[PDB]
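What follows is a set of notes on a single structure, which appears directly below.
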Amino acid sequence: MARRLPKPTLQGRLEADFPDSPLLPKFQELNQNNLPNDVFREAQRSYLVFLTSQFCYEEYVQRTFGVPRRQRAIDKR
Amino acid sequence: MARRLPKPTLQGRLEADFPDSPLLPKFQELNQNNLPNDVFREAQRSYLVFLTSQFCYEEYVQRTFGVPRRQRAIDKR
Amino acid sequence: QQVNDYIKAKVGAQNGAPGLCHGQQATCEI
Amino acid sequence: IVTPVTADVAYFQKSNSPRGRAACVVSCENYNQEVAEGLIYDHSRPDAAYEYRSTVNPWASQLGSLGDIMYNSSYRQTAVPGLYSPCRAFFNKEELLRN
Amino acid sequence: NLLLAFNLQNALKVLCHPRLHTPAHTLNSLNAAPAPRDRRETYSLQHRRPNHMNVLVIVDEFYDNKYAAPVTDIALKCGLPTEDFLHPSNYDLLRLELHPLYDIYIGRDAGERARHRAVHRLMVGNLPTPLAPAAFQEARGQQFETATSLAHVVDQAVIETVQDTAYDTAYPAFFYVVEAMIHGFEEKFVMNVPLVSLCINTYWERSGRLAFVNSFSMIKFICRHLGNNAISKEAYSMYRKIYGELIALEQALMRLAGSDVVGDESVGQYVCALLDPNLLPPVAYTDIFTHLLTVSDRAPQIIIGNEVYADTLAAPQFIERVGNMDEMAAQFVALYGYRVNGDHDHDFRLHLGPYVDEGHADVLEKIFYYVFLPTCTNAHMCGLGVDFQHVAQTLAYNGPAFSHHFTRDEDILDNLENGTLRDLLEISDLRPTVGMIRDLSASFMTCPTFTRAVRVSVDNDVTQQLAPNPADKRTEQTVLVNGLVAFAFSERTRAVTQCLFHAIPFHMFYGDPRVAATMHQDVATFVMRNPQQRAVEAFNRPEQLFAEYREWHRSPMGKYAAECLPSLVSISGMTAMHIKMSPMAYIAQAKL
Amino acid sequence: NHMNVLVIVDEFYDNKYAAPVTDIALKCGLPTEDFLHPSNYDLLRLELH
Amino acid sequence: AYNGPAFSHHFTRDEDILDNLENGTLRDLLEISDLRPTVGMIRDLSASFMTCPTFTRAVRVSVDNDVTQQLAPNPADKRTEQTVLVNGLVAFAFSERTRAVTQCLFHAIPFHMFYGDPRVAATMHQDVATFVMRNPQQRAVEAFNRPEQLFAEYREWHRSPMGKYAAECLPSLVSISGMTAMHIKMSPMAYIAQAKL
Amino acid sequence: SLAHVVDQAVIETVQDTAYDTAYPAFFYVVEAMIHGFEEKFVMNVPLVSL
Amino acid sequence: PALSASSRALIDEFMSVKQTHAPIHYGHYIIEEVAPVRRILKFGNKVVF
């Protein structure tokens, strides 16, 4: 008996528009044998959101390390 | 020491990786013979601190000595 | 039990009085 | 007699004993040394002059307090004899008890 | 002819007797009387517990098609002045005020014989206004402050600034979005420091108001870390003084209670309601409940929807500990898949973070949430429920996230496609960088799924547990999990913001007809149908969320807060208005 | 016996379960008219000099 | 000393430190203050380690009282004692992030009535913090409990009433004169001096 | 007949330094490195000034 | 009790006006004589008895 939320207005077919991404190969395995097209698209947009969030967190992780000594040792000479 | 504050977070592999410094030939004298890897590395680290302190003081002493009048008299010729 | 005993200690709850400067004490009610 | 700085002015406005406690021993039953001592020297119970308080200057009221040390009779036993003391009549145990 | 004084303490020999604090004799002499009452009002008598975990359906069904709305008894008693009260043309209200401490009320006639129930009045301020008007408690708080030598850190300028924020209606909903996504974790706050830095800078430079004053968590984090170069300073002094005053109130409240103790515990628990541990703040993000069960000797029965909670041992079986984000580096995919494969309706398990003992006894959260906020804002606030998956979809599915071409540092608005985030950013008049939206979409991994509501039931102190019926030994309270309080919203704002948020009635200080009618269309219809509802006391909330009798803060506290003045004198009033009216509180009041 | 003070502090506050409150820290708590009251006689008993 | 730029000769004295500093206590220690000190200055600071003294300590001084106050039957009472901290420094309340960073370097000592402060000592100790959390009534400065080794309350010059007056009175120009005139000995000498003045 | 040299403003300044939660802890370090020596303080004048 | 006034001003006022004199001023107090022998006070030319 639960209402979810009204919905945000949003642009469609964004991933299929944008040509190049590491997300497309991992994204292709989003099967739909039962769900209708619009429910499938809600699920797809959610899946892209998750993939982008994973990429962004991994980006921050690679941001964490800082600078080691060896790189300044190499370049400063 | 019955208790001591935990070791402050520091980089690793300082002495060997980045530099080759005039301190190293004097630093190489000390040996690990009895001590385990950990305590040997810690004492090594303390001794490197002490050598750095000596070097900084010794350079500051000559920084303090001042400017000669004769070198400024040679400013002409 | 200890809350009751502490209230009893702070309130002054319980004789005779040795000497009475004015006279027969008159009880007061609130 | 020394005295706390928070003594109430109204207490000195009316005739009272300088001890800080009521010392009217005639009121208690006769020949009861325990009851008379409980009236004069106790602070487990408030004085008969003011129920809400126990003593205005406890430095003179209780046994062995400063005023008791100064002006108790036979407690000194070494002061020079021949000098009248106006406070002696108030702090002496035997004299308070003879009434 | 001796001038004798007669203070409170001298008479205390009759005030602390338990004969005074018992309603058994009152209830006997009342029940046996004939002519029962013929008006046994039923509204807000007791809480009703739901099966469905969702609160959105609760609020919808409660305000969907509403009509003539009843108003409680105490909300009527606190409206009359004293002289109009005592006049015998308002008699049915006098007839039910037999005892000063026990607020009594009559049930529904149908189903059984007439019976009356008395619930204890927990604090001084719940005493009705015609028996203790606002000015009396204002002066009493002034007297308390002069007693404890409390020195007000806060200046009136910072309170006027807080209030000018509270009546903004131009408030950026995006600062609210960020405030909602952080939900009180240190690591995510440190992830997004430049975001909130830019945010505070723009909100304090474009206008003379300061944002993020809503959640106590953001205040603590900004004072704790962004005291550095965070913004252009001038604004940091506000947060300095706010936290300083929050601590000074506890300085005073500790000075009120004596150094002496009952047993192992001190006596500070019993004298003021804020200092007591069994009180819970309305907004909870860490594991407070199980800690409360560990500390509470009196049975602290928790209710999550339909499911009860009474044991520390069931801690896994009802509460899902939200892991630290780094420890969850592996467990992200299962969590995300749970949203599509898991039925969040009637889940009956809670996603919460591990508890952190701040080292203050949580007094500061209660003091900010119960005294500072309702005073400085005249209590114009509500609770808010969010659907976090829509927030993620608005943030991550944006254009600049996907395109490997777009740089890390640019004005997103130039490359922004037409989408609701465009309207949000434009109304919030703040231009954010790409890195900040990347970090926000990154914070999605940890965030909970939806906002939840929980009931707490704590037995009173042993000093006031004397009562005829066990139900009256309980005291009920509502706690928000994974949610936030909100100021008044705008109408132009509630075009792109309704896509993400919904209104919640709350605790009396956080229940407001203006705000809830602002957010909900249906509550706006309800208020337009019945304008008398504009008051905070006469507002009707779903019994599934709010019970006017069985709460810590009754209606009169809210009524006073509605007319509360923003001076610090009223802050002292609301501070002192939290004394418990227990014998061991009467002793401490006598000492001072 | 040992001169290492960090161990001293940590040995004092490690698992402390009972906190004793000193005498004079009780008197400075009470105000004057409450101090003279005969409900508090333990402290006043020792105010002789 | 383990900074690297201070240790490495190749780098200049005048240049700022943060530009080549690594993840460690120094990065966060300067990120707390947002201060930009130069390499030469940090080298000269590290140079103080030549004569830098050992651990900070506590030493207890005990003197006899004045001849005007000597009279008492027990010889133990006529003395008063105090504790001096050697090579340490008094300190204000720490923030939480700054204590988490600094717990490598600094530790707390509540050792004197003016300086045994529960809200300052609460940050520097997790154990004392929890100890106060179990007993909030303890947080008053007059009733706070310090270790017997660091001081005993009766055998001390200052007392709990003076610290309590310090806790009550607000900072003001009258309060300085108050605390000044408060440090008057109780002896016939003070009676005569005050009878003059 | 004493005259104070201090305003209430400077007293408020000292009180405000006392209630500084964001007091830079590295300051203590500098003090700890001088630990009350004259010459050693003279060594570090340009950093105490900064 | 015997006549004690903590400043000259209260004693001047008490010599002038017997009834309405202030028994307690802001900071200075006065104790009026309540004794078995009433005594007539003569100050300058004004008399209180």
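By order of appearance in the structure tokens: chains A, B, ..., then residues from 1 within every chain, and ligands from 1 in the order shown.
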Considering only C-alpha atoms, extract the chain D residues located within 12 Å of chain I and return them as a list in words.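 Listed by rising number, the hits are residues 8, 9, 10, 11, 12, 13, 14, 15, 16, 17 and 18 of chain D.
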Can you write out the residues you just picked, keeping C-alpha atoms, as a tab-separated table (two decimals), in the first residue's frame?
chain	number	residue	atom	x	y	z
D	8	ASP	CA	22.02	38.32	59.21
D	9	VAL	CA	21.67	41.91	60.39
D	10	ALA	CA	18.21	41.12	61.76
D	11	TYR	CA	19.73	38.63	64.19
D	12	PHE	CA	21.78	41.41	65.76
D	13	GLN	CA	18.84	43.79	65.60
D	14	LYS	CA	16.96	41.88	68.32
D	15	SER	CA	18.20	40.97	71.78
D	16	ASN	CA	19.87	37.58	71.48
D	17	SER	CA	22.73	35.60	72.94
D	18	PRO	CA	26.04	36.22	71.11
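Residue neighbourhood of residue 23 (chain F), excluding near-sequence residues (fewer than 5 positions): residues 259 and 260 of chain E; 28, 29, 30, 42, 43, 44, 45, 46 and 47 of chain F; 142, 143, 153, 154, 159, 160 and 161 of chain G, at 12 Å, using only C-alpha atoms.
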Cα-based least-squares overlay of chain A on chain B, as a short mmCIF file (atom, residue, chain, number, x, y, z; two decimals) with N, CA, C and O atoms, in the first residue's frame:
data_model
loop_
_atom_site.label_atom_id
_atom_site.label_comp_id
_atom_site.auth_asym_id
_atom_site.auth_seq_id
_atom_site.Cartn_x
_atom_site.Cartn_y
_atom_site.Cartn_z
N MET A 1 57.41 -1.01 33.64
CA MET A 1 55.96 -0.97 33.56
C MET A 1 55.50 0.26 32.80
O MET A 1 54.41 0.76 33.02
N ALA A 2 56.34 0.74 31.89
CA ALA A 2 56.16 2.04 31.27
C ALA A 2 55.73 1.92 29.81
O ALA A 2 56.40 1.26 29.01
N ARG A 3 54.61 2.55 29.48
CA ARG A 3 54.21 2.70 28.09
C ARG A 3 54.99 3.84 27.44
O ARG A 3 55.17 4.90 28.04
N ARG A 4 55.45 3.62 26.21
CA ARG A 4 56.24 4.66 25.54
C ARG A 4 55.34 5.71 24.89
O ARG A 4 55.26 6.85 25.36
N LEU A 5 54.62 5.32 23.84
CA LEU A 5 53.71 6.16 23.08
C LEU A 5 53.08 5.28 22.00
O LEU A 5 53.67 4.25 21.65
N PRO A 6 51.92 5.64 21.44
CA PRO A 6 51.29 4.74 20.47
C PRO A 6 52.17 4.44 19.26
O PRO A 6 52.62 3.30 19.13
N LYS A 7 52.42 5.44 18.38
CA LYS A 7 53.45 5.54 17.34
C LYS A 7 52.96 6.54 16.30
O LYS A 7 51.74 6.68 16.12
N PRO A 8 53.83 7.25 15.57
CA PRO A 8 53.32 8.01 14.43
C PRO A 8 53.31 7.14 13.19
O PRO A 8 54.14 6.23 13.06
N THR A 9 52.36 7.37 12.30
CA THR A 9 52.40 6.71 11.01
C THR A 9 53.40 7.44 10.12
O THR A 9 53.48 8.67 10.14
N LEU A 10 54.17 6.68 9.35
CA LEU A 10 55.33 7.26 8.71
C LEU A 10 55.75 6.40 7.53
O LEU A 10 55.49 5.20 7.50
N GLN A 11 56.40 7.05 6.56
CA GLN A 11 56.84 6.40 5.34
C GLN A 11 58.19 5.73 5.53
O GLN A 11 59.12 6.31 6.09
N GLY A 12 58.29 4.50 5.05
CA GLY A 12 59.46 3.67 5.28
C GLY A 12 60.43 3.70 4.11
O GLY A 12 60.08 4.12 3.01
N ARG A 13 61.66 3.25 4.37
CA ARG A 13 62.69 3.11 3.34
C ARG A 13 62.99 4.44 2.67
O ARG A 13 63.26 4.50 1.47
N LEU A 14 62.96 5.53 3.45
CA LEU A 14 63.16 6.85 2.85
C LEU A 14 64.62 7.08 2.48
O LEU A 14 64.91 7.61 1.40
N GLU A 15 65.55 6.70 3.35
CA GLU A 15 66.96 6.92 3.03
C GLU A 15 67.40 6.03 1.88
O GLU A 15 68.11 6.49 0.98
N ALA A 16 66.99 4.76 1.89
CA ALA A 16 67.35 3.87 0.79
C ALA A 16 66.71 4.31 -0.52
O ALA A 16 67.23 4.01 -1.59
N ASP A 17 65.58 5.01 -0.45
CA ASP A 17 65.00 5.57 -1.66
C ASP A 17 65.83 6.74 -2.17
O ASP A 17 66.17 6.81 -3.36
N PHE A 18 66.17 7.68 -1.29
CA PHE A 18 66.82 8.89 -1.79
C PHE A 18 68.29 8.60 -2.09
O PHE A 18 69.03 8.18 -1.20
N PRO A 19 68.73 8.82 -3.32
CA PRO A 19 70.06 8.36 -3.74
C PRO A 19 71.23 9.05 -3.04
O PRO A 19 72.09 8.36 -2.49
N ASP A 20 71.27 10.38 -3.05
CA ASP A 20 72.49 11.11 -2.73
C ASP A 20 72.32 11.88 -1.43
O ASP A 20 71.37 12.64 -1.26
N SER A 21 73.27 11.68 -0.51
CA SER A 21 73.30 12.41 0.75
C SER A 21 74.68 12.24 1.37
O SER A 21 75.30 11.19 1.19
N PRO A 22 75.17 13.24 2.09
CA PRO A 22 76.36 13.02 2.92
C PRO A 22 76.09 12.09 4.08
O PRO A 22 77.04 11.61 4.70
N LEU A 23 74.82 11.84 4.39
CA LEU A 23 74.46 11.06 5.56
C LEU A 23 74.66 9.57 5.36
O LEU A 23 74.85 8.84 6.34
N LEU A 24 74.60 9.09 4.12
CA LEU A 24 74.71 7.65 3.88
C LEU A 24 76.03 7.06 4.35
O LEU A 24 76.01 6.00 5.00
N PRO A 25 77.20 7.66 4.10
CA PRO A 25 78.44 7.03 4.58
C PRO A 25 78.51 6.94 6.09
O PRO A 25 78.84 5.87 6.62
N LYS A 26 78.20 8.02 6.80
CA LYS A 26 78.22 7.97 8.25
C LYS A 26 77.11 7.08 8.79
O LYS A 26 77.19 6.60 9.93
N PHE A 27 76.07 6.85 8.00
CA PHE A 27 74.94 6.06 8.45
C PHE A 27 75.20 4.56 8.33
O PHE A 27 74.64 3.78 9.11
N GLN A 28 76.04 4.14 7.38
CA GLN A 28 76.21 2.72 7.13
C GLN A 28 76.66 1.97 8.38
O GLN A 28 76.26 0.82 8.59
N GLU A 29 77.45 2.61 9.23
CA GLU A 29 77.92 1.97 10.46
C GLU A 29 76.81 2.02 11.51
O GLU A 29 76.91 2.69 12.54
N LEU A 30 75.74 1.29 11.22
CA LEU A 30 74.65 1.07 12.17
C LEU A 30 74.42 -0.43 12.20
O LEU A 30 73.55 -0.96 11.51
N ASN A 31 75.22 -1.12 13.00
CA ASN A 31 75.23 -2.57 13.04
C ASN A 31 74.03 -3.10 13.83
O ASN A 31 73.45 -2.42 14.68
N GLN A 32 73.65 -4.33 13.51
CA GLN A 32 72.56 -5.02 14.20
C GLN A 32 72.90 -6.50 14.31
O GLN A 32 72.54 -7.29 13.43
N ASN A 33 73.59 -6.89 15.38
CA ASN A 33 73.83 -8.31 15.58
C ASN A 33 72.76 -8.96 16.45
O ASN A 33 72.53 -10.17 16.35
N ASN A 34 72.11 -8.18 17.31
CA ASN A 34 71.09 -8.70 18.22
C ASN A 34 69.68 -8.24 17.88
O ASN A 34 68.75 -9.06 17.91
N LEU A 35 69.49 -6.96 17.57
CA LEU A 35 68.14 -6.41 17.50
C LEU A 35 67.38 -6.94 16.29
O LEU A 35 67.96 -7.17 15.22
N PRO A 36 66.07 -7.15 16.43
CA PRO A 36 65.25 -7.61 15.29
C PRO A 36 65.10 -6.52 14.25
O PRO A 36 65.50 -5.37 14.48
N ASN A 37 64.50 -6.86 13.10
CA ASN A 37 64.49 -5.93 11.97
C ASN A 37 63.68 -4.68 12.28
O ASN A 37 64.10 -3.57 11.96
N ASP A 38 62.50 -4.84 12.89
CA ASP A 38 61.65 -3.68 13.13
C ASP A 38 62.21 -2.80 14.25
O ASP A 38 62.15 -1.57 14.16
N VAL A 39 62.76 -3.41 15.30
CA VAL A 39 63.47 -2.63 16.30
C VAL A 39 64.68 -1.96 15.68
O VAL A 39 65.00 -0.79 15.97
N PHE A 40 65.37 -2.67 14.79
CA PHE A 40 66.50 -2.09 14.07
C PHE A 40 66.06 -0.89 13.25
O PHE A 40 66.78 0.10 13.14
N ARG A 41 64.85 -0.94 12.68
CA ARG A 41 64.38 0.16 11.85
C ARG A 41 63.96 1.34 12.70
O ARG A 41 64.17 2.50 12.31
N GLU A 42 63.35 1.08 13.86
CA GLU A 42 63.11 2.17 14.80
C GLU A 42 64.42 2.87 15.15
O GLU A 42 64.52 4.11 15.07
N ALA A 43 65.44 2.08 15.49
CA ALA A 43 66.74 2.66 15.81
C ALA A 43 67.34 3.41 14.63
O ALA A 43 67.93 4.48 14.79
N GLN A 44 67.18 2.86 13.42
CA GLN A 44 67.72 3.50 12.22
C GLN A 44 67.08 4.86 11.98
O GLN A 44 67.76 5.84 11.68
N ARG A 45 65.75 4.91 12.04
CA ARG A 45 65.06 6.17 11.85
C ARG A 45 65.50 7.19 12.89
O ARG A 45 65.70 8.37 12.58
N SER A 46 65.68 6.74 14.14
CA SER A 46 66.21 7.64 15.15
C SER A 46 67.59 8.15 14.76
O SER A 46 67.91 9.33 14.96
N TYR A 47 68.43 7.27 14.22
CA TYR A 47 69.78 7.66 13.87
C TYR A 47 69.78 8.70 12.75
O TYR A 47 70.53 9.68 12.80
N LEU A 48 68.91 8.50 11.76
CA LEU A 48 68.78 9.50 10.69
C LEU A 48 68.30 10.83 11.24
O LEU A 48 68.74 11.89 10.80
N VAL A 49 67.35 10.78 12.18
CA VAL A 49 66.88 12.01 12.81
C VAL A 49 68.05 12.75 13.44
O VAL A 49 68.21 13.97 13.26
N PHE A 50 68.89 12.03 14.17
CA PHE A 50 70.04 12.68 14.79
C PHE A 50 70.97 13.28 13.74
O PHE A 50 71.46 14.40 13.91
N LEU A 51 71.24 12.53 12.67
CA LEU A 51 72.18 13.02 11.67
C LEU A 51 71.65 14.28 11.00
O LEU A 51 72.39 15.25 10.78
N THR A 52 70.36 14.29 10.67
CA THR A 52 69.74 15.47 10.07
C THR A 52 69.78 16.65 11.03
O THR A 52 70.00 17.79 10.61
N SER A 53 69.55 16.40 12.32
CA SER A 53 69.60 17.50 13.28
C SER A 53 71.01 18.07 13.38
O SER A 53 71.19 19.29 13.47
N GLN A 54 72.02 17.20 13.35
CA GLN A 54 73.40 17.66 13.36
C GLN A 54 73.69 18.52 12.14
O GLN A 54 74.29 19.60 12.25
N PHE A 55 73.26 18.06 10.96
CA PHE A 55 73.49 18.83 9.75
C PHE A 55 72.78 20.18 9.80
O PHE A 55 73.34 21.20 9.39
N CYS A 56 71.55 20.21 10.33
CA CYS A 56 70.80 21.46 10.39
C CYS A 56 71.45 22.45 11.36
O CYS A 56 71.53 23.65 11.07
N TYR A 57 71.92 21.96 12.51
CA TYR A 57 72.59 22.88 13.43
C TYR A 57 73.89 23.40 12.84
O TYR A 57 74.21 24.59 12.98
N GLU A 58 74.67 22.54 12.19
CA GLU A 58 75.89 23.01 11.55
C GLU A 58 75.56 24.04 10.47
O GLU A 58 76.30 25.02 10.29
N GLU A 59 74.44 23.84 9.77
CA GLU A 59 74.00 24.82 8.79
C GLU A 59 73.73 26.17 9.43
O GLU A 59 74.17 27.21 8.93
N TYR A 60 73.01 26.18 10.56
CA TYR A 60 72.76 27.45 11.22
C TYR A 60 74.06 28.09 11.68
O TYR A 60 74.20 29.31 11.65
N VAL A 61 75.01 27.28 12.14
CA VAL A 61 76.28 27.83 12.59
C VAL A 61 76.98 28.55 11.45
O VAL A 61 77.43 29.69 11.60
N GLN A 62 77.06 27.90 10.28
CA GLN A 62 77.64 28.59 9.13
C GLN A 62 76.78 29.76 8.69
O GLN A 62 77.27 30.64 7.96
N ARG A 63 75.52 29.80 9.11
CA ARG A 63 74.67 30.97 8.87
C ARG A 63 75.05 32.14 9.77
O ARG A 63 74.79 33.29 9.43
N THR A 64 75.68 31.86 10.93
CA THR A 64 75.85 32.89 11.95
C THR A 64 76.80 34.01 11.52
O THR A 64 76.59 35.17 11.89
N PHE A 65 77.83 33.68 10.74
CA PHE A 65 78.97 34.59 10.61
C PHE A 65 78.57 35.94 10.03
O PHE A 65 79.16 36.96 10.40
N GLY A 66 77.61 35.97 9.12
CA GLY A 66 77.25 37.21 8.47
C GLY A 66 78.13 37.51 7.27
O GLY A 66 78.52 36.59 6.54
N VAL A 67 78.44 38.78 7.05
CA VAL A 67 79.30 39.21 5.96
C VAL A 67 80.52 39.90 6.55
O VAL A 67 80.39 40.78 7.40
N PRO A 68 81.73 39.52 6.15
CA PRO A 68 82.93 40.26 6.55
C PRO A 68 83.14 41.47 5.64
O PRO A 68 82.39 41.72 4.71
N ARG A 69 84.20 42.22 5.93
CA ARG A 69 84.52 43.36 5.08
C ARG A 69 85.15 42.92 3.77
O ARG A 69 84.87 43.50 2.72
N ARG A 70 85.99 41.89 3.81
CA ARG A 70 86.84 41.56 2.67
C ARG A 70 86.03 41.19 1.44
O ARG A 70 86.43 41.53 0.31
N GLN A 71 84.89 40.53 1.61
CA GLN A 71 84.10 40.12 0.46
C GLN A 71 83.50 41.32 -0.25
O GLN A 71 83.51 41.39 -1.48
N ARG A 72 82.97 42.27 0.52
CA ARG A 72 82.46 43.48 -0.11
C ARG A 72 83.60 44.29 -0.71
O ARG A 72 83.42 44.92 -1.76
N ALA A 73 84.77 44.27 -0.07
CA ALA A 73 85.94 44.92 -0.65
C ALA A 73 86.28 44.35 -2.01
O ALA A 73 86.62 45.09 -2.94
N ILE A 74 86.21 43.03 -2.15
CA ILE A 74 86.53 42.40 -3.43
C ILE A 74 85.45 42.72 -4.46
O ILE A 74 85.75 43.17 -5.58
N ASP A 75 84.19 42.50 -4.12
CA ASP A 75 83.16 42.54 -5.15
C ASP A 75 82.82 43.97 -5.55
O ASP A 75 82.59 44.24 -6.74
N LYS A 76 82.80 44.90 -4.60
CA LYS A 76 82.29 46.23 -4.89
C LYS A 76 83.23 47.03 -5.78
O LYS A 76 82.85 48.11 -6.26
N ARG A 77 84.44 46.54 -5.99
CA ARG A 77 85.37 47.21 -6.88
C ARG A 77 85.22 46.71 -8.31
O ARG A 77 85.24 45.51 -8.56
#
Given only C-alpha atoms, how would the per-residue table for chain E near chain A read, listing every residue at most 8 Å away with its closest atom pair and distance in Å to one decimal, sorted by chain and number, as CSV?
residue,atom,partner,partner_atom,distance
E:52,CA,A:1,CA,7.7
E:54,CA,A:2,CA,6.2
E:56,CA,A:3,CA,6.4
E:57,CA,A:2,CA,5.4
E:336,CA,A:50,CA,7.3
E:340,CA,A:43,CA,7.9
E:345,CA,A:2,CA,7.2
E:387,CA,A:5,CA,6.9
E:389,CA,A:46,CA,7.7
E:390,CA,A:8,CA,7.1
E:392,CA,A:49,CA,6.6
E:393,CA,A:49,CA,6.0
E:394,CA,A:8,CA,7.4
E:396,CA,A:49,CA,5.1
E:397,CA,A:49,CA,5.9
E:399,CA,A:14,CA,7.9
E:401,CA,A:52,CA,7.2
E:402,CA,A:52,CA,7.2
E:403,CA,A:18,CA,7.3
E:404,CA,A:21,CA,7.1
E:417,CA,A:11,CA,7.8
E:418,CA,A:11,CA,7.4
E:419,CA,A:10,CA,5.2
E:420,CA,A:9,CA,5.9
E:438,CA,A:56,CA,6.0
E:439,CA,A:56,CA,6.8
E:441,CA,A:53,CA,5.4
E:442,CA,A:53,CA,4.5
E:443,CA,A:53,CA,7.6
E:444,CA,A:53,CA,6.6
E:445,CA,A:53,CA,6.9
E:496,CA,A:8,CA,7.7
E:498,CA,A:6,CA,7.6
E:499,CA,A:8,CA,5.3
E:500,CA,A:5,CA,7.0
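The coordinates place CA of residue 69 (chain G) at 8.6 Å from CA of residue 186 (chain G).
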Give the helix (DSSP H, G or I) residues of region 18-72 of chain A, as DSSP finds them on the backbone, and put them as number ranges by chain. A: 23-28, 37-64, 69-72
Just to confirm, what's the straight-line distance from CA of residue 5 (chain F) to CA of residue 26 (chain F) in Å (one decimal)? 29.2 Å
